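Take a look at this single chain in structure tokens; it is the form deposited in one PDB entry.
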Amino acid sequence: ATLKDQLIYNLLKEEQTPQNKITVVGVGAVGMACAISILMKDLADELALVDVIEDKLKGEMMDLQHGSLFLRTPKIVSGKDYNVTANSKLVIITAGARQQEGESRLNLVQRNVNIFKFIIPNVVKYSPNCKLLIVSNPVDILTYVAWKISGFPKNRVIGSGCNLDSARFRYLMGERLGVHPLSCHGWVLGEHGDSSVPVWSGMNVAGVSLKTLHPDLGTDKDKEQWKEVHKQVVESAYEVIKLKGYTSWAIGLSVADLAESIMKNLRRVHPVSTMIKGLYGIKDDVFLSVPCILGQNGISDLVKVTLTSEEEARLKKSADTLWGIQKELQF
């Protein structure tokens, strides 16, 4: 008698099961940028959104649903309860505490660990086979936390790491050379942010090593100060933060690129934070960024970059510092 049954004859009432589902936890500026980027790249058939602030969560969900006409992701759901995240192929963690003015980063990482304490078991309960992509900072430490709490094998726990750092690097290099960043190749590895390691030997266009072409590259004998490109990779992040309060658009796009490789089993190589024990001279359980092959099972393989002595020592120092701080985290 209703219009819907007058218009439409149902011939199979199967409960709908998602097949390419993505969950984003934390709907701040970063989570929503990941969300819109994943939606506009058609990477999911279902998107779930989780936060603890219920009205903002519901409003962001509704705002996306109102753009359904223009998308190809037919189901967008949200809620504070994690039943909405069930059977996600990929869970992306962008949640974190709001830093208060004058607050110590030392205090802040424990507050983010405490958040992860609640989030990770809930994610695991409802998506035991999902891949975890950790974006929240400090991302290398938090990816280790996520790995420990979840009990997942290391291939399924991935930190955003230096993927964004390397994208900034290629942007800046492209600005210097007058070439699209796609054609400027260069790798920033190790810790996300201040302590990242530029691998000068690998910087190239068309397979032409800039370092070989210009041996003073990365030194203080470099008349053009190309080391400043890596200083600017770090400083431009702080400048964005200073100018608009936070960063969001570039990390969103870089996360979607990662999601693309995982969701479509592409086996592209990206610089992401992975559990690096037993490689590159690391003897402890820590996560640092190295080139990783990304696909349907997460990190199936990584690339062993040859590093200088200087670059190796910086990685090992990062590893030591990460391990020592992690041993002081309260789980």
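Definition used throughout: the rigid core is the maximal C-alpha set that superposes within 1.5 Å between two forms. Residues that one form lacks are left out of the comparison. One-based numbering along the sequence shown.
Unshown form deposited in another entry; subsequent notes refer to it.
Aligning the rigid core between this form and the one not shown and inspecting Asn83, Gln225, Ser104, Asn129, the C-alpha positions shift by 2 Å or more at one residue, which is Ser104. When two forms of a protein are overlaid on their rigid core, residues whose CA moves 2 Å or more are considered shifted, and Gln19 is not one of them between this form and the one not shown. After superposition on the rigid core, residues whose Cα atoms move by 2 Å or more in runs of at least three fall at 14-16, 98-110 between this form and the one not shown.
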